[PDB]
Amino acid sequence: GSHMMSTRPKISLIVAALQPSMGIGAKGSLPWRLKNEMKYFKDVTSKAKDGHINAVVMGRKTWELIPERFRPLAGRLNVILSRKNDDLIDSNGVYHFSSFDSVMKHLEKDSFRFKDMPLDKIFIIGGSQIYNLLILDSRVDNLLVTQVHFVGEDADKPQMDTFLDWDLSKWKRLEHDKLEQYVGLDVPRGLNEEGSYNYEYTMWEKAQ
């Protein structure tokens, strides 16, 4: 049909955000190490329909936070955004593009395929500048937000300096079963506990 079509991959913003501030960063890096949350990130961004592959799209600084031994993130099309990029694909298969608009156009011309595999989902994986722009892009279909809560001792609280500029009243939180349907995986329900943190996996779609 013409409503909620399938002519391009769905686009998700996926982030882990500290409540209530939507804090995401401290001194240029991630303020917590949540082992199972990072497993969820890998599992979700890698899970694709048979014979498909997903993309991960990120700002240049977030790319630079990934240890070199991890690059490019395995099993996914990696796209890096930098204003001076030349919209080229390098010898490692990494896409270096100058805007989200430019990479979306290039993928469409290639039939949303990457090395003879169709794309399933496109995930925007950070960082702050990219999230603050793309929350306004009408093409974004949903948010995958891990809501992170610090429950430890006051001395151990994370010292945050970077926050999402997102208006969640423009979005609506979905039922857990809808999250599972979208990501293609069984997902823990409710609060998960690790160390000094609790966290919950959530999915949001546009309001109204």
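Residue indices: 1-based, along the sequence shown.
Comparing the deposited coordinates for 32-40 and 149-157, the stretch with the larger average C-alpha B-factor is 149-157. Comparing the deposited coordinates for 171-179 and 140-148, the stretch with the larger average C-alpha B-factor is 171-179.
When the C-alpha B factors of 121, 71, 84, 76 are read from the deposited coordinates, the top value falls at 84. Each of 12, 192, 196, 21 has a CA temperature factor in the record; the biggest one is found at 196.
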